[PDB]
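Shown next as structure tokens: one chain only, the form deposited in one PDB entry.
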């Protein structure tokens, strides 16, 4: 195919044909044509077609600012549950964001906050507030709103609800608080058929309960399991299978070839 390879390369240096065109027109194997395309710097103009997945630990909160009727609304969401908080703030300053986050931390167990690189979220005042409250700040990839999709979606949802209750309030702060109330306690759905408040209560209570229960189980049930190795710690034996943890690797093995001491 060598001569065909030279003709294909010369043709691609002019037209930048895709691999199918050069495979058809020069009798090339598909791998050769794909290699010719992949060696061209001018043809790499597309990324892989997939999305990532945001973290969903019970302590993760996503914060954003939205705008409505010339007013600024600072909105935080609990990723696990969909529970929201929202405040109409006079300006997008570090002081207001720091106050909002400090008040949020004193009402729920906030561990990390996920925000974009807006000037209010990256101020030294917000940094000091997070340091005092023991909150870890996570700005992801700059100018990548998808990394905050949850809060972004909540923005949409929040504004939608405001459009339904704006006539019941005389001021936008009242309508925002009404919308927060309605989203948190008057809309049911999701994993458990819950509202956001019910779901967040379930998430936090489950976290503490399971942590204490597993602490008790590990304190009482102490065993060493040998499979195929060293003294791996027993995690869960049952249903003809043993889940163990050998060298920071939680692995599942069949009940066979496993001795428990």
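We call the rigid core the largest set of C-alpha positions that still match within 1.5 Å between the two forms. Numbering follows the first chain given and starts at 1.
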What number of deposited residues lacks coordinates in the span between residue 228 and residue 229: none, 1 to 3, 4 to 9, or 10 or more? 4 to 9
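If you look for the form deposited in another entry, you will not find it shown, but the lines that follow are about it.
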Superpose on the core and compare between this form and the one not shown; which one of 204, 68, 235, 65 crosses the 2 Å Cα shift mark? 235
Might you say whether the CA atoms of residue 80 and residue 243 end up closer or farther apart in the other form than in this form? Their distance differs by 3 Å or more. farther
Explain in one word, closer or farther, how the Cα atoms of residue 110 and residue 214 are placed in the other form relative to this form, where the distance changes by 3 Å or more. closer
